[PDB]
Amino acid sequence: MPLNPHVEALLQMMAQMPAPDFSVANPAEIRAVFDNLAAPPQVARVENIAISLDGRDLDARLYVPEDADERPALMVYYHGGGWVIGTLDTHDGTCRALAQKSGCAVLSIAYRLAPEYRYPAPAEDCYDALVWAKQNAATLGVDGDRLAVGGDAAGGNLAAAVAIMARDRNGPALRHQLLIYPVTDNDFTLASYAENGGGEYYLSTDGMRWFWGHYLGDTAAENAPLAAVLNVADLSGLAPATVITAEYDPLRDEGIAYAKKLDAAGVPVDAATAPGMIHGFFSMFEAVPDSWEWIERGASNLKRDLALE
């Protein structure tokens, strides 16, 4: 029986990886190379946390990075997955990566998912969770005065909405919003949807129709102000943003767009499209070494806006 084709593709992929050319095979070197290969990014502590809110319990996970401060700043993170899928486990690597590179604690929220809980519910979970974290800051062991929200894809959509909710509802003061290739609108005619939406690049335009439909259900996009945050008339007074888009992401244009509108309304923004990258690439750092550059970039903005002043 010949080599399993997938094992072959794995071996090829391991072979095209950045050499760690330690000059000699001693136990410390071999250990570092195997840990780099086979373990998720190291953090000091990971705590499975139950968040009891009015009406509902949400699972969450606290990541505390090695060499963080006594009481580090916190970013409350919202996984992506089109408001329909995604778990704490699918984004465990991404949260660890961000925590490691920012030196910030990261609290990842398992908000309730559509269609079971259609739009207003998931964003209310995410907002109520940021509130919970603020009010239980000392109990988590973090500084609730240095708060951020972040998220990828649908999660970036939720983080933008929470930032809006926190400004409108006069909630937790946020030092940053980290938006990683975020969903911002349901206009599927955009250039990048034609260019990138065929399914060739993981995420497809039809996927996004499917997601949006499950999230909104019977609500009209126009009657869903925290869904298409791109359509929010006024984006002034929002937390400083980082908006990283990907070149071959169907969401690229609308994400780029939102960043422009934030910059228009006065919000400080670092905004970049990652060359050669697809949707979901923050989560692909194990196979795509170049993902780390952009992870480091976003975390570097967080580390700056969350500094103990």
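Heads up: residue numbers just count along the shown sequence, starting at 1.
Novice: Between 19 to 27 and 290 to 298, which has the larger average Cα B-factor in the PDB entry?
Specialist: Per the deposited B-factors, the answer is 19 to 27.
Novice: Test of understanding: from the entry's C-alpha B-factors, which stretch has the higher mean, 121 to 129 or 193 to 201?
Specialist: For C-alpha atoms only, the mean B-factor is higher in 193 to 201.
Novice: Among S108, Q100, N223, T139, where is the Cα B factor highest in this entry?
Specialist: Highest CA B-factor of the listed options: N223.
Novice: Can you tell me which of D152, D92, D206, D143 has the highest Cα temperature factor in the record?
Specialist: Comparing C-alpha B-factors across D152, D92, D206, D143, the maximum falls on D206.
Novice: Test of reading the entry: by CA B factor among the chain's modelled residues, which third contains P268?
Specialist: Within its chain, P268 is a highest-third residue by C-alpha B-factor, going by the deposited values.
Novice: Can you work out whether the C-alpha temperature factor of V46 puts it in the lowest, middle or highest third of the chain?
Specialist: Its C-alpha B-factor belongs to the middle third of this chain's values.
Novice: Can you tell me whether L62 has a C-alpha B-factor in the lowest, middle or highest third compared with the other modelled residues of the same chain?
Specialist: Lowest third, going by the recorded CA B-factors of the chain.
Novice: Please place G217 in the lowest, middle or highest third of its chain by C-alpha B factor as given in the entry.
Specialist: Answer is highest: the recorded C-alpha B-factor places it there.
Novice: Would the CA B-factor of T184 place it in the lowest, middle or highest third of its chain?
Specialist: According to the entry, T184 has a C-alpha B-factor in the chain's highest third.
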